[PDB]
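Start at 1 and go down the list; that is how both ligands and their atoms are numbered. One is the number of the first residue; the rest follow in order along the sequence.
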Amino acid sequence: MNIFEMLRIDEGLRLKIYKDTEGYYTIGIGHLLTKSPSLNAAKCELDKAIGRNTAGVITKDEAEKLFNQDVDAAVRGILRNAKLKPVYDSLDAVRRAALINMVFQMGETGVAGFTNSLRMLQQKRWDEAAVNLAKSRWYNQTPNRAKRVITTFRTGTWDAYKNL
Ligand SMILES: *SCC1=CC(C)(C)N(O)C1(C)C
């Protein structure tokens, strides 16, 4: 397994616009289109992002293209972030995937704010890290997703995903 497969599990795949748990227009594999409440504005963001008049519908290949752009942006966001980079360097492969997952879902700045969790992760205090990670709006907004990611940070294995 790898970051792409991991995220594909967590985000799913939608070919039409839907709203995320924040009520924001999204499409494909967790691609946020805009925070605007206007569906029309969201449809235009989609056309802009895809490069054609989509009438609000994309193909699987288009979804995957947005996905590749998004994972790339998440990884670059971590590598250029003073708080995230050092931690990412210290992590093993599987745990690095969990970090990329968090950034993909809530952004570089939002994850960089998990100050205590990041400290515990850099110190390989996995049990403590897991507990600190749950002290967050994230743990409550998307519980099952946050649990899979947290459990991954604790075990350093793909077990939370392979079961599925
Ligand atoms: S849907 C029309 C539209 C609006 C804006 C975001 C300015 N565009 O890029 C297009 C041409 C998609």
Side-chain angles (χ1 to χ4, degrees), residues 1-89 91 93-115 117-118 121 133-150 152-153 158 160-161 164:
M1 190 165 260
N2 62 47
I3 186 50
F4 290 90
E5 314 183 326
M6 180 197 203
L7 278 167
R8 170 64 184 71
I9 298 300
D10 291 330
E11 301 288 357
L13 169 63
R14 305 260 225 145
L15 301 185
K16 289 204 170 197
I17 293 175
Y18 64 99
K19 296 188 177 187
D20 69 15
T21 73
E22 288 292 75
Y24 298 146
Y25 293 119
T26 306
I27 195 151
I29 303 159
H31 185 71
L32 169 70
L33 285 164
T34 175
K35 283 183 177 169
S36 163
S38 165
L39 176 62
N40 286 325
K43 288 186 186 178
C44 277
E45 277 313 303
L46 179 56
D47 281 10
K48 175 184 178 177
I50 303 298
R52 69 184 176 84
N53 174 345
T54 68
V57 179
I58 61 177
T59 67
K60 173 182 175 178
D61 287 349
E62 286 164 348
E64 295 178 333
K65 174 176 289 180
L66 290 177
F67 188 36
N68 288 147
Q69 303 171 189
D70 292 340
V71 173
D72 181 48
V75 168
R76 289 188 280 98
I78 287 168
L79 295 173
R80 69 193 180 67
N81 188 283
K83 294 76 178 183
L84 303 180
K85 159 92 194 314
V87 183
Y88 184 77
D89 282 357
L91 302 184
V94 184
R95 293 192 171 80
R96 275 187 184 180
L99 190 60
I100 297 165
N101 189 306
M102 289 187 72
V103 178
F104 179 106
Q105 172 178 27
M106 67 203 65
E108 163 186 354
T109 302
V111 180
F114 283 71
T115 301
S117 293
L118 293 170
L121 288 177
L133 281 164
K135 304 182 189 177
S136 62
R137 176 169 190 272
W138 170 59
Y139 186 70
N140 301 104
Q141 281 287 133
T142 58
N144 286 149
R145 199 264 188 66
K147 281 166 196 168
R148 280 190 297 281
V149 175
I150 296 182
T152 299
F153 271 123
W158 294 110
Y161 290 94
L164 301 52

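In this structure, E108 pairs ionically with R80, as a charged nitrogen and a carboxylate oxygen lie closer than 4.0 Å. For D47 and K43, the salt-bridge test fails: no basic side-chain N is under 4.0 Å from an acidic carboxylate O. We find that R76 and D72 are joined by a salt bridge, their nearest charged nitrogen and carboxylate oxygen being less than 4.0 Å apart.
If you check which protein heavy atom lies closest to atom 9 (O) of ligand 1, you get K48 CB, 3.7 Å.
Taking all heavy atoms of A49, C44, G51 into account, the minimum distance to atom 1 (S) of ligand 1 is reached by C44.
In this structure, atom 11 (C) of ligand 1 has its sub-4.0 angstrom surroundings free of protein heavy atoms. Distances from atom 3 (C) of ligand 1 to the protein include at least one heavy-atom value under 4.0 Å.
For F4 and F104, the distance between ring centers is not under 6.0 angstrom.
Close approach of ligand 1 to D47 (heavy-atom distance below 4.0 Å) involves ligand atoms 12 (C).
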Quiz prompt | Verdict with reasoning, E45 to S36, per side-chain hydrogen bond (donor to acceptor under 3.5 Å, both in side chains) | solution = CA-CA 10 Å; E45 277 313 303; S36 163; over 6 Å; no

